[PDB]
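My questions all concern the structure below.
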Amino acid sequence: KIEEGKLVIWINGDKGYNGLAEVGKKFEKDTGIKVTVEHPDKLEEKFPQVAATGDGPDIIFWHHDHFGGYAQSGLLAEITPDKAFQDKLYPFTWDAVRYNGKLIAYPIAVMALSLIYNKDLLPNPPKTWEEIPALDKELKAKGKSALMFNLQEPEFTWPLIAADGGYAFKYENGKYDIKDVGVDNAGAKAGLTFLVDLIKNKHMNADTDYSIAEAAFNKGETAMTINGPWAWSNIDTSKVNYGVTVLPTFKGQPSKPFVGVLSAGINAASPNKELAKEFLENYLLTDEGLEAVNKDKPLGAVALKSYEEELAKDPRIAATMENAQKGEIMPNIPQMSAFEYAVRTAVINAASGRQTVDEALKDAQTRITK
């Protein structure tokens, strides 16, 4: 069993744990309650094992894409933030922490791909995908390419595919319809066709992966790339004069990247559910709380409006949130793994020529709906 009278928190060591501990001292100072933070290896794997025997931490911090499986095994307690507290965070973040209609976690930070460009090569990045082909011809006359990004993982191409209508699973009334998949509709085919055309016209090469794109970009060979916050440090050291901005639109509609939400859940077996709620709502999810974490280590875009507005003075963090607000929340249901294999394959086959956009997406849809 979990000891009553105190709080034990688990969070990955790459996050600001000393910060959370700092909020913990504040909490103890205030209430006299002890708060201890631990960061075990493979904690996201350990949690379901120890929580299943009625043990583990009171609170667990991790990307929401793992909370669906946790809730599915009843490993998380239903949280009870009232309407006023909920209105303190961007509305879209709450959709990432709902399990079959029930809120099962507090969103903390938001992640999503943005458009990264070389300010020297491109003082004014393109507002649309449509204008990239001609921009590439212009730049190639100077021995540079317009854009390069990972074409081997679905996360990087989906923003364009979803712009005109593609989606993973229909989400309405707080829930997903596992039977409504939009992988082979006109919107998706339009986006993939445009991606394929770029390749066909030699603006991009179907073989470009993550390593190749970063190399080209950090080396000043290509004017733009698509990647998340986790890639910035590597660019900082390349000394490239880079900027981060909203993704290009397609057919007048915003690209829609998948959004990841760092969340804090309460162990279903925790006898300290009330202390956890007090800690999370009134200590961590405040400007002072988040300020303590961020300082120890960067949080990036946060879900708390008031503090997000402060961090947003950094155009890169503001861009992450803009792209996230226009993005598609990453579904946490089990079928999402089928979508990721099916779509990775379709994109690679359409890109290589092994399949037409029509056939590749037709087979993916069928695969995901089975």
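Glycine also receives a Cβ, built like all others from the backbone with ideal geometry; neighbour counts cover every protein chain displayed. Every number in this text was worked out from the coordinates using simple rules, so none of it is lab data.
Starting from the Cα of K295, step 7 Å along the direction of its Cβ; do the same at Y341; then give the gap between the two resulting points in nm.
Each label point lies 7 Å from its Cα, and together they span 4.7 nm.
For a quick size check, give me the Cα extents of the stretch 88-170 along its three principal axes, largest first, whole Å.
Result for the stretch 88-170: principal-axis Cα extents of 56, 26, 21 Å.
For the stretch 252-307, just say rounded, prolate or oblate: build the C-alpha gyration tensor, square-root its eigenvalues into a ≥ b ≥ c, call rounded for a/c under 1.5, and beyond that prolate if a/b exceeds b/c, oblate if not.
Judged from the Cα gyration tensor, the stretch 252-307 comes out oblate (a/c at least 1.5, b/c at or above a/b).
With +1 assigned to the C-beta of every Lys and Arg and -1 to the C-beta of every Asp and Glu, and no other charges, what is the dipole magnitude of the stretch 138-188 about the Cα centre in debye, to the nearest 20?
Dipole magnitude for the stretch 138-188 comes out near 280 debye.
If you don't mind, there's one more thing I want to ask. Using the Karplus equation 6.51 cos²θ - 1.76 cosθ + 1.60 (θ = phi - 60°), what ³J(HN,Hα) coupling, rounded to whole Hz, does each residue of the stretch 288-302 give in order, writing x for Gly and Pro?
So the Karplus estimates, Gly and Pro as x, are 5, x, 4, 5, 5, 5, 2, 4, 4, 7, x, 8, x, 7, 9 Hz.
How compact and how long is the stretch 159-256, expressed as Rg and Dmax of its alpha-carbon atoms in Å?
Both quantities, over Cα of the stretch 159-256: 16.3, 47 Å.
Moving to a separate point now. How many percent of all Cα-Cα pairs in the chain sit more than 29 Å apart?
Here the tail beyond 29 Å accounts for 45 percent of pairs.
Starting from the Cα of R354, step 7 Å along the direction of its Cβ; do the same at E45; then give the gap between the two resulting points in nm.
So the label points at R354 and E45 sit 2.9 nm apart.
Starting from the 7 Å offset along Cα-to-Cβ, what nm value, one decimal, do you get for the label separation of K102 and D197?
A separation of 4.8 nm, rounded to one decimal place.
Going toward the positive end of the dipole of the chain, with +1 on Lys and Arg Cβ and -1 on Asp and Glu Cβ, which of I348, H203, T369 do you reach last?
So the residue we want is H203.
Next question. Kindly express, to the nearest 10 degrees and within the range 0 to 90, the angle between helix 315-325's C-alpha long axis and the longest C-alpha principal axis of the chain.
So the helix axis and the longest Cα principal axis differ by about 90 degrees.
What net charge is computed for the residues neighbouring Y171, neighbours being all others with C-beta under 10 Å from the C-beta of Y171, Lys and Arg scored +1, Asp and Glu -1? Numbers along the way, then the final one.
Working: positive: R98, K170, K175; negative: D95, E172, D177, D180, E328.
Within the 10 Å Cβ shell, the charges total -2.
Between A52 and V246, what is 0.36 nm times their sequence separation minus the Cα-Cα distance? Round to one decimal in nm. Could you put the intermediate results ahead of the total?
Values: separation 194, 0.36 × 194 = 69.84 nm, distance 4.20 nm.
Full extension of this stretch gives 65.6 nm more.
Given a cut-off of 17 Å, what percent of all Cα-Cα pairs of the stretch 303-370 lie beyond it?
When all Cα pairs of the stretch 303-370 are counted, 59 percent exceed 17 Å.
Still on this structure, please answer the following. Would you mind calculating the gained length between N12 and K175 on full extension (0.36 nm times residue separation, minus the Cα-Cα distance), in nm to one decimal? Before the final figure, lay out the partial values.
Numbers: separation 163, 0.36 × 163 = 58.68 nm, distance 2.87 nm.
55.8 nm is the gain from fully extending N12 to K175.
I'd like the orientation of helix 17-31 relative to the chain: the angle between its Cα long axis and the longest Cα principal axis, in ° from 0 to 90, rounded to 10.
On a 0 to 90 degree scale, this one is about 30.
Ok, one more. With no solvent and one equal point scatterer per Cα, compute the Debye intensity ratio I(q)/I(0) for the stretch 202-322 at 0.12 Å⁻¹ and report its log10, rounded to two decimals.
-0.63
Another question about this same structure. Report, to the nearest 10°, how far helix 336-352 tilts away from the longest principal axis of the Cα atoms in the chain, using its own Cα long axis and a range of 0 to 90°.
20 degrees
For the stretch 91-209, with only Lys/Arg (+1) and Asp/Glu (-1) charged at the beta-carbon, what is the dipole magnitude about the Cα centre, in debye rounded to 20?
Value, rounded to 20: 140 debye.
For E131 and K362, what does the FRET efficiency come to when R0 = 45 Å and r is the distance between their Cβ atoms, rounded to the nearest 0.05?
That gives a FRET efficiency of 0.90.
Further question on the same structure: Rg/Rh for the stretch 33-85: what does it come to with C-alpha atoms and Rh from Kirkwood? It would help to have the intermediate numbers written out before the result.
On the way: Rg = 12.4 Å, Rh = 12.5 Å.
Ratio of gyration radius to Kirkwood radius: 0.99.
What per residue convex hull volume, in Å³, do the alpha-carbon atoms of the stretch 33-178 yield?
Values: hull volume 30.7 nm³, N = 146.
That works out to 210 Å³ per residue.
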